[PDB]
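Undergrad: One structure, as structure tokens, below. Some questions next.
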Amino acid sequence: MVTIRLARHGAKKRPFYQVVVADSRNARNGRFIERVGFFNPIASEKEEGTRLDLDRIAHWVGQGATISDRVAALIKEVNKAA
Amino acid sequence: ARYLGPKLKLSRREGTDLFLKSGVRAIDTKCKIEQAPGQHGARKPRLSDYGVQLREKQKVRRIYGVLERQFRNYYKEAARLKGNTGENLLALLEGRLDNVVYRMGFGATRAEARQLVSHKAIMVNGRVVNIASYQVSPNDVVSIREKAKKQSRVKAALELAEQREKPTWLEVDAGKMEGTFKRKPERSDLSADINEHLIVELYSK
Amino acid sequence: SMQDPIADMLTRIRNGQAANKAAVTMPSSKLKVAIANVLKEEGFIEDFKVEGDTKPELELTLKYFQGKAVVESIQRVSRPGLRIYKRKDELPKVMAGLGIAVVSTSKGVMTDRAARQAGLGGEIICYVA
Amino acid sequence: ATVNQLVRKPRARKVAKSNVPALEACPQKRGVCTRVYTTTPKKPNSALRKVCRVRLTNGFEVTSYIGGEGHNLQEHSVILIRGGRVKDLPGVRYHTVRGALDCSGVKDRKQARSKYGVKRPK
Amino acid sequence: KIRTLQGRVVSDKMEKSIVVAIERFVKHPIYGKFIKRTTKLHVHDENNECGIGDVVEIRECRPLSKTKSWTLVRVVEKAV
Amino acid sequence: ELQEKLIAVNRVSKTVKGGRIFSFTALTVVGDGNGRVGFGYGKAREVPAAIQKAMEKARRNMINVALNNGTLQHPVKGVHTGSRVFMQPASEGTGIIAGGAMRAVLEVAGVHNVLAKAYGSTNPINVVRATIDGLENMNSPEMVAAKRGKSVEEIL
RNA sequence: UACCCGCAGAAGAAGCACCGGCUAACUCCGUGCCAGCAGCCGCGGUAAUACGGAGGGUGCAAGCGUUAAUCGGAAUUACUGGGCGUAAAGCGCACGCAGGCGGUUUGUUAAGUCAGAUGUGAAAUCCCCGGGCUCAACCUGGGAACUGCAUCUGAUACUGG
RNA sequence: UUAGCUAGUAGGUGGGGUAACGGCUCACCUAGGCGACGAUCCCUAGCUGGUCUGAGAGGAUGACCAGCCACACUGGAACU
Ligand SMILES: [Mg+2]
Ligand SMILES: [Mg+2]
Ligand SMILES: [Mg+2]
Ligand SMILES: [Mg+2]
Ligand SMILES: [Mg+2]
Ligand SMILES: [Mg+2]
Ligand SMILES: [Mg+2]
Ligand SMILES: [Mg+2]
Ligand SMILES: [Mg+2]
Ligand SMILES: [Mg+2]
Ligand SMILES: [Mg+2]
Ligand SMILES: [Mg+2]
Ligand SMILES: [Mg+2]
Ligand SMILES: [Mg+2]
Ligand SMILES: [Mg+2]
Ligand SMILES: [Mg+2]
Ligand SMILES: [Mg+2]
């Protein structure tokens with residue numbers, strides 16, 4: 001099914017995930033329907049570290065797109081922040 | 001990754017002073033800089049159109065203490081940037097950490113400034129930088145670190161940087177051993193004995 | 001066989017300028033009059049006057065400044081063997097602006113500056129410099 | 001000449017075959033010497049060049065040219081062959097590279113030792 | 001509204017089927033020359049009110065046989 | 001004042017009854033470096049005399065070119081017997097992008113930024129004439145406005 | 001682990017290619033069309049700046065040269081951008097099908113063409129403005145671009161019906 | 001210096017079959033269909049975003065990555 005998950009596109013020891021909606025039967029960083037924000041676990045201060053698109057996330061969850069563990073743990077942080 | 005040899009043969013080959021010496025000794029007394037080095041410098045060979053361009057580029061490269069690959073990368077960046085290609089290349093060349101610290105006056109020569117940069121003595125905006133090619137942005141704060149403020153060679157360079165020419169784009173203070181890069185130097189601000197067009201003609205090939 | 005009246009007109013005016021002719025008479029047409037209007041509005045020719053009831057003739061009068069001809073090169077770009085159509089942002093620029101490129105567009109036969117100001121293309125006819 | 005003719009007949013290229021067919025677009029090829037001997041150049045200059053007819057692995061048999069002075073190679077010797085021909089010798093299109101599996105380097109060489117496979121002197 | 005193609009008929013010697021030809025005017029990608037290319041198609045002409053030469057108008061509906069997916073709508077230019 | 005420069009020297013020969021007698025030819029380009037340029041092709045029995053012979057004729061046969069502040073007005077093409085030249089105005093910092101006997105004459109003339117290209121036979125003797133005719137035939141906005149009958153801003 | 005700090009000692013850390021013209025770099029020694037160099041022009045027959053070595057010089061640099069392939073120079077397949085009297089290039093000539101083009105005016109259609117809008121032209125990649133890795137390589141956000149196609153609404157000068 | 005190819009072949013009626021339209025298949029009828037805008041045949045070749053070079057137009061190319069197709073000792077087949 002459609003799932004909101006991550007896709008590593010950084011470098012060695014410097015990960016950077018591109019949160020995307022992709023079919024479950026696909027590669028980790030293969031084909032995705034759309035791109036929804038990004039995430040960087042090593043982002044420095046005074047800089048964005050998470051830019052999730054809550055509108056698109058809600059639109060996909062209304063159609064049945066499941067949210068993975070890390071993105072589910074990040075959307076709550078985004079909601080708490082703002 | 002840097003020249004390790006005589007510092008005056010290059011100047012003799014170019015024909016002019018490359019500022020590779022501190023300046024305590026006169027350039028004429030230091031060496032017989034009238035002719036090219038080697039056993040055939042007495043003759044005056046007629047230089048070709050490619051020869052003059054190559055000599056100009058080699059003179060610039062040896063003055064700024066870079067290699068051919070770094071010079072080509074700087075030329076590519078200058079051509080990528082907007083405005084005068086030669087002026088942009090000159091500004092990028094005189095934007096390195098060793099070059100800016102030499103202009104400020106913390107090092108006797110280019111080699112001394114590069115060694116000081118490498119040995120973790122130069123700090124930019126309160127941050128330790130050991131890169132000789134570290135570009136400096138306008139409104140930066142270069143400073144000698146506290147441990148290296150008591151260096152005899154550093155203070156000798158500070159006292160010897162006064163009798164020569166003074167750049168009008170840097171804010172220097174030897175009391176605290178720190179300076180500020182106020183603005184990017186202009187072509188008129190820099191030296192006027194360098195033909196900018198020769199380098200771009202040579203690299204247009 | 002006569003297969004390009006515009007090319008014939010360009011050849012006639014170029015030959016007249018080369019041979020120092022005061023005016024060049026020729027059979028005329030609606031497109032010829034439209035091109036002559038553009039040529040007169042830019043000072044490349046002195047004036048023109050259509051004469052005739054059944055077979056109208058254009059009588060274009062050339063202009064000579066200090067002996068040398070005013071028009072340097074008139075080149076037919078879009079010939080009736082290869083049609084050339086250019087958009088508003090793809091119009092040519094003769095001598096970086098010092099020359100003109102006549103273009104027939106939906107609003108008529110205007111020049112490069114007029115076409116660019118109006119914001120529409122057309123198909124080019126010839127370069128005049 | 002004209003676009004109407006060119007649309008019917010497109011402007012064909014002028015592709016030319018390579019001067020090293022036996023390599024088959026390969027920098028190096030290993031071969032076994034079959035006929036090592038000496039030949040003479042053409043009219044403009046007279047000399048005695050050292051050549052070797054060698055059968056390549058793929059199946060081609062070519063004639064190379066030994067560079068430098070002194071070559072211990074002989075029949076049934078494994079050699080490495082690269083491109084590059086000799087102008088003053090007809091037929092040769094390749095060069096035997098010294099320092100190969102069995103091609104020994106030139107003795108007492110001081111300049112351009114890399115082109116002849118010579119160890120750096122102490 | 002519906003995408004329809006107008007073209008000249010070629011043959012009609014088939015049961016409930018004709019062969020239409022479309023002349024699209026395109027420009028050469030290299031020389032810029034404006035040439036014409038044939039777009040011959042097979043049309044399921046039910047009740048064949050068509051001869052040879054008359055132009056017709058067709059629309060794509062669905063694959064009706066192995067080598068035709070177009071159907072006639074109207075006949076214009078019928079007079080010879 | 002002038003920026004005289006020799007382009008190339010060629011050695012010609014002429015057979016006679018007694019044998020072959022040699023000779024030298026010199027091509028030079030001179031100019032004030034602001035808006036004037038001239039060429040001289042001299043011949044003499046020796047290199048030092050031929051260069052002066054070419055220089056004098058180049059000095060006394062100069063041509064004034066109505067160039068821009070640092071470049072030429074509009075792109076132009078010149079056609080000669082065997083050489084065709086194309087010159088396009090570049091931007092500041094590019095330099096004299098030329099080759100053969102074109103970059104020297106362009107630098108002597110006064111222009112500092114131009115893209116030049118040679119098509120056909122690239123011989124200096126013909127290419128110099130081609131590249132000077134290319135600068136002679138071109139005009140300035142004021143010059144074209146004079147014959148047009150309008151203003152520079154109007155014919156912008 | 002990245003990173004920071006103290007120890008001591010200038011130590012443990014530079015080679016390759018070229019030097020007759022193209023192309024930046026010249027003098028001797030050893031041979032003597034033999035030994036040998038070479039991408040071209042070509043050198044060596046006792047004064048070799050061209051062979052081998054030495055001295056010196058030039059280029060690059062933890063890299064240096066050769067080889068194999070691609071593009072440029074090659075305007076040397078030329079649509080941008082050639083020629084056909086003599087270098088290669090007018091069928092020996094004529095008729096003519098398909099085809100290519102087509103004098104001049106009006107009205108009509110708007111197919112090409114011209115304007116605007118919508119969808120799409122994946123992400124990635126290039127470019128521009130910023131950021132993070134001590135700089136850079138590298139990563140990344142936005143913008144532009146993807147020069148194309150289909151549809152809709154108009155413009156009618158040109159070509160087309 | 002590969003010029004004719006195609007008889008389930010083109011179309012039609014009805015039956016059968018696939019989740020779906022379809023000579024996909026069957027019986028019958030019509031003699032049609034493709035082709036100098038290159039049919040048929042031979043050699044070579046995975047395609048695209050892309051990469052190199054080139055100012056541009058172009059030329060070469062399919063390394064990594066990403067999207068699609070095919071393959072799993074060779075060939076044929078079917079089931080879940
Ligand atoms: Mg390096
Ligand atoms: Mg620039
Ligand atoms: Mg040499
Ligand atoms: Mg080409
Ligand atoms: Mg030709
Ligand atoms: Mg002939
Ligand atoms: Mg002949
Ligand atoms: Mg004839
Ligand atoms: Mg005949
Ligand atoms: Mg339309
Ligand atoms: Mg449009
Ligand atoms: Mg940064
Ligand atoms: Mg994209
Ligand atoms: Mg009409
Ligand atoms: Mg049925
Ligand atoms: Mg090119
Ligand atoms: Mg692949």
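Every chain in the structure tokens takes a letter, A first, then B, and so on in the order presented; its residues are numbered from 1, and the ligands are numbered from 1 following the presented order.
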Using only C-alpha atoms (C1' of nucleotides) and all ligand atoms, which residues of the polymer chains come no farther than 12 Å from ligand 11? I'd like the answer as number ranges by chain.
TA: C: 86-88, 120-122; G: 112-117, 149-154
Undergrad: Using DSSP on the backbone coordinates, identify all residues within region 11-80 of chain A classified as alpha helix (DSSP H); present the result as a PyMOL selection string.
TA: chain A and resi 54-63+69-80
Undergrad: Mind writing the picked residues with N, CA and C atoms as a short mmCIF file (atom, residue, chain, number, x, y, z; two decimals), in the first residue's frame?
TA:
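The resulting file, part_28.cif, is reproduced below:
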```cif
data_model
loop_
_atom_site.label_atom_id
_atom_site.label_comp_id
_atom_site.auth_asym_id
_atom_site.auth_seq_id
_atom_site.Cartn_x
_atom_site.Cartn_y
_atom_site.Cartn_z
N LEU A 54 2.36 18.79 6.38
CA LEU A 54 1.26 18.19 7.13
C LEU A 54 -0.02 18.14 6.31
N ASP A 55 -0.23 19.11 5.42
CA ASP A 55 -1.43 19.10 4.59
C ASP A 55 -1.45 17.87 3.68
N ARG A 56 -0.34 17.59 3.00
CA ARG A 56 -0.25 16.42 2.14
C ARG A 56 -0.26 15.12 2.95
N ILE A 57 0.34 15.12 4.14
CA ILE A 57 0.29 13.94 5.00
C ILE A 57 -1.14 13.62 5.39
N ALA A 58 -1.91 14.64 5.77
CA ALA A 58 -3.32 14.43 6.10
C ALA A 58 -4.11 13.99 4.87
N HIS A 59 -3.82 14.58 3.71
CA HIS A 59 -4.51 14.18 2.49
C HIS A 59 -4.26 12.72 2.16
N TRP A 60 -3.03 12.24 2.35
CA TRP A 60 -2.72 10.85 2.06
C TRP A 60 -3.28 9.90 3.11
N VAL A 61 -3.24 10.29 4.39
CA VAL A 61 -3.82 9.43 5.42
C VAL A 61 -5.33 9.36 5.28
N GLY A 62 -5.97 10.39 4.72
CA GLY A 62 -7.39 10.31 4.44
C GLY A 62 -7.73 9.34 3.33
N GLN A 63 -6.79 9.08 2.42
CA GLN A 63 -6.96 8.10 1.35
C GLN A 63 -6.42 6.73 1.75
N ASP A 69 7.19 4.50 11.24
CA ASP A 69 7.49 4.77 12.64
C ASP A 69 8.18 6.12 12.84
N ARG A 70 9.25 6.38 12.08
CA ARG A 70 10.03 7.59 12.31
C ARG A 70 9.26 8.84 11.89
N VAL A 71 8.58 8.79 10.74
CA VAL A 71 7.74 9.91 10.34
C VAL A 71 6.57 10.13 11.29
N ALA A 72 6.01 9.06 11.85
CA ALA A 72 4.98 9.22 12.87
C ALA A 72 5.53 9.85 14.15
N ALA A 73 6.77 9.55 14.50
CA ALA A 73 7.41 10.14 15.67
C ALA A 73 7.90 11.56 15.39
N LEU A 74 8.00 11.95 14.12
CA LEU A 74 8.40 13.30 13.75
C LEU A 74 7.22 14.24 13.53
N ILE A 75 6.08 13.73 13.08
CA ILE A 75 4.92 14.61 12.89
C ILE A 75 4.41 15.12 14.23
N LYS A 76 4.48 14.29 15.27
CA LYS A 76 4.12 14.76 16.60
C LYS A 76 5.07 15.85 17.09
N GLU A 77 6.37 15.71 16.82
CA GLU A 77 7.32 16.75 17.17
C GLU A 77 7.02 18.04 16.43
N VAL A 78 6.68 17.93 15.14
CA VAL A 78 6.33 19.12 14.35
C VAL A 78 5.08 19.79 14.92
N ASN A 79 4.06 19.00 15.27
CA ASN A 79 2.84 19.56 15.85
C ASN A 79 3.12 20.23 17.19
N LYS A 80 3.98 19.62 18.01
CA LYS A 80 4.35 20.23 19.29
C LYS A 80 5.10 21.54 19.09
#
```
Undergrad: Please provide the set of residues having any atom within 7 Å of region 97-108 of chain C, restricted to only C-alpha atoms (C1' of nucleotides), with same-chain residues fewer than 2 positions apart removed, written as a ChimeraX atom specification.
TA: /C:92-95,110-112,121-129 /F:141,156 /G:114,155-158
Undergrad: Please find the residues contacting ligand 5 at a distance of at most 9 Å between atoms, with only C-alpha atoms (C1' of nucleotides) and all ligand atoms counted, and report them as a list in words.
TA: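 The residues near ligand 5 are residues 75, 76, 78, 82 and 83 of chain G.
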Undergrad: If we count only C-alpha atoms (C1' of nucleotides), what is near residue 10 (chain H) at a cut-off of 8 Å, once residues fewer than 4 positions away on the same chain are taken out, given as JSON, numbers by chain?
TA: {"E": [14], "H": [32, 33]}
Undergrad: Which residues are near residue 39 (chain D)? Cut-off 9 Å, only C-alpha atoms (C1' of nucleotides), ignore same chain within fewer than 2 positions. Put them as a ChimeraX atom specification.
TA: /D:37,41,47-51,89
Undergrad: Should the cut-off be 9 Å, what would the residue list for chain E against chain H look like, counting only C-alpha atoms (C1' of nucleotides), as a ChimeraX atom specification?
TA: /E:13-17,36-38,62-67
Undergrad: Take the residues from that selection and put them in a file with C-alpha atoms, as an mmCIF file, in the first residue's frame.
TA:
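What ended up in part_14.cif:
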```
data_model
loop_
_atom_site.group_PDB
_atom_site.id
_atom_site.type_symbol
_atom_site.label_atom_id
_atom_site.label_comp_id
_atom_site.auth_asym_id
_atom_site.auth_seq_id
_atom_site.Cartn_x
_atom_site.Cartn_y
_atom_site.Cartn_z
ATOM 1 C CA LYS E 13 -13.017 -2.650 -50.957
ATOM 2 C CA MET E 14 -13.761 -4.079 -47.518
ATOM 3 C CA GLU E 15 -16.928 -5.003 -45.640
ATOM 4 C CA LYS E 16 -17.805 -2.168 -43.232
ATOM 5 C CA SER E 17 -14.242 -0.831 -43.477
ATOM 6 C CA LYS E 36 3.815 16.288 -45.321
ATOM 7 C CA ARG E 37 3.608 12.798 -43.819
ATOM 8 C CA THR E 38 0.959 10.158 -44.462
ATOM 9 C CA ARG E 62 -11.974 1.424 -29.231
ATOM 10 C CA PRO E 63 -10.096 -1.467 -30.902
ATOM 11 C CA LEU E 64 -12.684 -3.071 -33.195
ATOM 12 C CA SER E 65 -10.378 -5.504 -35.016
ATOM 13 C CA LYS E 66 -6.676 -6.317 -35.294
ATOM 14 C CA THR E 67 -5.742 -3.260 -37.366
#
```
Undergrad: Would you give me, as a compact mmCIF listing (two decimals) with C-alpha atoms, in the first residue's frame, the residues of chain D that come within 7 Å of chain G, using only C-alpha atoms (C1' of nucleotides)?
TA:
```txt
# COMPACT_ATOMS: atom_id res chain seq x y z
CA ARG D 11 24.30 14.25 -45.08
CA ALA D 12 26.23 11.03 -44.49
CA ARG D 13 29.35 10.97 -42.34
CA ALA D 25 40.11 -0.86 -29.53
CA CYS D 26 42.43 -2.08 -26.78
CA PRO D 27 45.43 -0.24 -25.27
CA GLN D 28 47.42 -3.46 -24.74
CA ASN D 45 67.24 6.76 -44.48
CA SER D 46 69.19 3.52 -44.16
CA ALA D 47 69.50 1.61 -40.88
CA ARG D 82 50.55 -1.35 -27.62
CA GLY D 83 49.58 1.00 -30.42
```
Undergrad: Could you list, as a ChimeraX atom specification, the residues of chain A having an atom within 10 Å of chain H when counting only C-alpha atoms (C1' of nucleotides)?
TA: /A:29-31
Undergrad: Got a sec to pull out which chain C residues are within 8 Å of chain F, counting only C-alpha atoms, and send them as a count of residues only?
TA: 10
